[PDB]
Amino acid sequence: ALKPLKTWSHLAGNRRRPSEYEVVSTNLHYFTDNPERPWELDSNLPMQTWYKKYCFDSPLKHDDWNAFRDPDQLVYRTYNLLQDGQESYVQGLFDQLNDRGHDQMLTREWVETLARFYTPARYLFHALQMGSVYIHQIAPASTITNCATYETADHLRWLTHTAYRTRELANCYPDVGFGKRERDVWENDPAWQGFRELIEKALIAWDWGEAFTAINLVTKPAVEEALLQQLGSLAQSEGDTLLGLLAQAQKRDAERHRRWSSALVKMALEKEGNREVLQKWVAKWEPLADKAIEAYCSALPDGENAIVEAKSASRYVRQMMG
């Protein structure tokens, strides 16, 4: 007979007893087992081809993508503990700011600034939701996939906060057309038209290393600095205490996505030529992120200073990774 093991056979010999994280997240994708024929069917279906083209054949290379570990070590159980806690905090804020009548106290120029700069963001957030959900279904290791996992449910979290506040805001200001106009603002407004082309175009980069870089490394920071950091700085000096707080609460999600991106980038630099592969993709996409961030921040109060801080905080993200 084969003898009973202390852990799984793929974790045997670690010096150290595997964690719940490793126990439930590692070495779980099985399409990577037969690269010449991912799925147990004919080797020429479109999805066999999609997966060989965009997963296996990606210029970003490593011998062992299953060695990756999410530095926050999230599993589903932990993720709901953390986010039920964060949402008690954010729903408490909605509850109690409403009780006070916070929305009734905002100036009319602010109300108008929300309608144009704040609530159409439901579209930009659903889009990074899709973007990160694509990364999940093409990444080469289940521990990578899991990070896009929890990140996607965060993007849906921000969509959600927005749907809700946008309704609260139409209740207070039935004539602004909150709820009715975001699609147009998103479709037609110049302040939106650099983000929109950054993400419509990034949403068709199918190479898992290219989707990664463009969603995580370049689009999400330009979106986070424009929409969380600078619209919520602006909210806060403008009297909108709720958005100010909201945005900093969602930035907590964004910093976590960055901790895992930064770790993946670390693991990529182990292999020669990966940096160059990644620097080339950043340089493809960065110009569209500079467009985004100029169209947006320029239309905001204090314009050029918003542009300049967003551009360099966003770029300091990637700086910090090599």
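So that there is no doubt, residue numbering starts at 1 and follows the sequence shown.
The stretch with the higher mean CA B factor, choosing between 185 to 193 and 233 to 241, is 233 to 241. Two stretches are in play, 304 to 312 and 21 to 29, and the higher mean C-alpha B-factor belongs to 304 to 312.
When the C-alpha B-factors of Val277, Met47, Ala289, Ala254 are ranked from the entry, the top spot goes to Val277. Per the PDB record, residue ranking by Cα B-factor puts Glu40 in the lowest third of the chain. Sorting the modelled residues of the chain by their CA temperature factor places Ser132 in the lowest third. In this PDB entry, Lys201 carries a Cα temperature factor that places it within the middle third of its chain's modelled residues.
Per the deposited record, the Cα B-factor of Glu87 falls in the lowest third when ranked against the other modelled residues of its chain.
Ranked by C-alpha B-factor against the other modelled residues of its chain, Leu106 falls in the highest third.
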